[PDB]
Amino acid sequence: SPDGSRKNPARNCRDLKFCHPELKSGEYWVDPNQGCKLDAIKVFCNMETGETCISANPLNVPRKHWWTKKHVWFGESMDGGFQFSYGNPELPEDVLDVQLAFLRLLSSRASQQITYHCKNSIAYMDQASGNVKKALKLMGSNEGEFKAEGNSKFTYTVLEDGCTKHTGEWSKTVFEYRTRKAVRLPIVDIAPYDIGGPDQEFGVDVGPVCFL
């Protein structure tokens, strides 16, 4: 019987939760495509919810002046930019793709949080206008974009917003996207709008993509 060890992975964390109810939240190995056990992925299992959470690698975009107004994709367009990747970096992309496809099928929903660190850079709401027209965008895995407004199937939610004014200091805004259409996740890129001025800087902490 699977037990979530590297040599004996479970199919996902929900299976571990139910078939091994004594296990606590933490690091486990899961193998959504089953078959060959060697392409298993290392995850965090939330044993309260049954969520399988896969970390981004790299987890973070360092705080820097990145760009010198329009939305600009970090991965697509910025110098030193990269798109976000998930799961054991040593695994071929196609294998990671297949694992995510199976985990999507195994799950009712997926969610992900992302943190925008800001210095003189609006992320969501602009305190002066009270509007979100300068809000950043996120790119999903199905080419779709997650936005502040527009099609309600694709809008993100904001959990805290410390970036509403240029204060010369660092703060942060936290975004979440949650959906039943798990093909849309994980987030692969980010496009700030209020960037490019000499004293504007940002960083990013990419939260894990969680499936249940």
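One-based numbering along the sequence shown.
According to the record, 4 to 9 deposited residues between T68 and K69 are left without atomic coordinates.
Two stretches are in play, 129-137 and 76-84, and the higher mean C-alpha B-factor belongs to 76-84. Judged by mean Cα B factor in the deposited record, 139-147 ranks above the other of 139-147 and 154-162. Taking the PDB entry at face value, the top CA B factor among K64, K172, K42, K37 belongs to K64. Taking the PDB entry at face value, the top CA B factor among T52, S55, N33, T167 belongs to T167.
In this PDB entry, the Cα temperature factor of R14 sits in the middle third of its chain's modelled residues. Compared with the other modelled residues of the chain, the Cα B-factor recorded for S108 ranks in the middle third.
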